[PDB]
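The data below hold one chain only, encoded as structure tokens and taken in the form solved without nicotinamide-adenine-dinucleotide (NAD).
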């Protein structure tokens, strides 16, 4: 394949994320023949490590993905390390040293990617110094991969955006959102625009409601410290959920370039309604998990690091409204929570029932296009057909498809996809500033109500699919959640 000539610098190169996903993902790009000779990886972090020590860290990292050691070793030859304080402007001369050293050693003509796998407070600082201290390539490209989260509210996000724009242009900024990197999520556009029957139907004249579900069986487990002030609202809704909604609600772009895609997604984002207190109470539901049927499923308030008086939401379900002609009156439902019935990430498009009367007891029902993203890719299409009865009558049947073992095993993991995409300069699978800002403005209105405690906090048994208020939310529009568990 075509050789990818790039030089990547990993800030926080000794962190768990780098060990678990980053390095192994880069290894795959090498094993697939993309990364060959003209590439180098420069790790950097607080602790001290010599090249031998770092390479051993990398060796362990890719161990469970190594088939031939001689290949692993060939790969490891492209790694280097430098201890570095990101707040120390002077210390950047050391990093610049390593980067240029690698550039000459492997003959890489610019093309630099700086991956910030560090705490958010360092994002702005690192960006400033990459530019002021001359770490940016004068030839080729310069791309910055910003790890989650991009802000904690609109103000903090806008602030971050301003800092980053002092050193980079928005098209050089690659915000990490692994859900956008999921194979099935990238199928949405193909299913829609690739099939006229769905393409022409992706609107208010055919769709009754859209449903996005990100449910997990696990509780807070250990992240309670941070999760207690984030909740389902910021941990899963603001980021992952809103970006999936973006692919679903986008207008039909004028081409498939990331530029036209983003413009189409923004057409929808810019039409999203922001709620006030009364609206939040009407269109949104927040809840916290109680005990399940088994004692080991203890209520949220009894988890480690959780304040006994916490009103944090471990579940969020709400309705979105897009003020666009094509979505006029079409409710987009989203739900995400912990300690639910199953672990899934899916999209359910509920089509309006036909109005042609067959004169049967059971008249036509709503067809449903379900796209299962996690755990295993699957696509289901519920259609109206004839029941096997003596008198003519209709019934719904389910057409299905599921990724094969061959395809399941060939599917690239999100981090490999994201890194690979950045190297190619493809932002299709990344959120842009406009989407992030709107997502924040949308969520901020909701958060404001909760912090003020001007909305109820429902409860629900661990193992169920959420509070009854979640069902009642859809019932008000004559809708119901497709997935029951």
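Positions refer to the first chain, counted from 1.
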- If you average the Cα B factors in the entry, which is higher, 189 to 197 or 220 to 228? 220 to 228
- Do the C-alpha atoms of 123 to 131 or of 159 to 167 have the higher average B factor in the entry? 159 to 167
- Query: Between 366, 235, 277, 407, where does the Cα B-factor run highest in the record?
  - Reply: 407
- Item | Of the residues 400, 181, 354, 149, the one carrying the largest Cα B-factor as recorded | 149
- Task: Please place residue 54 in the lowest, middle or highest third of its chain by C-alpha B factor as given in the entry.
- Result: highest
- Message: What third of the chain does residue 361 rank in for C-alpha temperature factor, lowest, middle or highest?
- Response: highest
- Split the chain's modelled residues into thirds by Cα B-factor; residue 319 lands in the lowest
- State the tercile, meaning the lowest, middle or highest third, of residue 440 with respect to the CA B-factors recorded for its chain. lowest
- Ranked by Cα temperature factor within the chain, is residue 137 in the lowest third, the middle third or the highest third? highest
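Unshown form deposited with nicotinamide-adenine-dinucleotide (NAD) bound; subsequent notes refer to it.
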- Query: Are 181, 376 and 428 jointly within 4.5 Å of nicotinamide-adenine-dinucleotide (NAD) in the entry with it bound, each by at least one heavy atom?
  - Reply: no
- Quick one: of 32, 63, 454, 46, which gets a non-hydrogen atom within 4.5 angstroms of nicotinamide-adenine-dinucleotide (NAD) in the entry with it bound? 46
- Query: Between the options 350, 242, 86, 287, which residue brings a heavy atom to within 4.5 Å of nicotinamide-adenine-dinucleotide (NAD) in the entry with it bound?
  - Reply: 86
- Query: What stretch, of 363 to 371, 327 to 335, 195 to 203, 142 to 150, brings heavy atoms to within 4.5 Å of nicotinamide-adenine-dinucleotide (NAD) in the entry with it bound?
  - Reply: 142 to 150
- Decide whether residue 117 counts as a contact residue for nicotinamide-adenine-dinucleotide (NAD) in the entry with it bound under a heavy atom distance cut-off of 4.5 Å. yes
- Partner contact for residue 477 in the entry with it bound: nicotinamide-adenine-dinucleotide (NAD), 4.5 angstroms, heavy atom: no
- Item | nicotinamide-adenine-dinucleotide (NAD) contact in the entry with it bound: residue 386, any heavy atom under 4.5 Å | no
- Query: Going by a heavy atom distance of 4.5 Å, is residue 463 a contact of nicotinamide-adenine-dinucleotide (NAD) in the entry with it bound?
  - Reply: no
- Query: Going through 1 to 40 from first to last, which residues have a non-hydrogen atom within 4.5 Å of nicotinamide-adenine-dinucleotide (NAD) in the entry with it bound?
  - Reply: 12, 13, 14, 15, 16, 17, 18
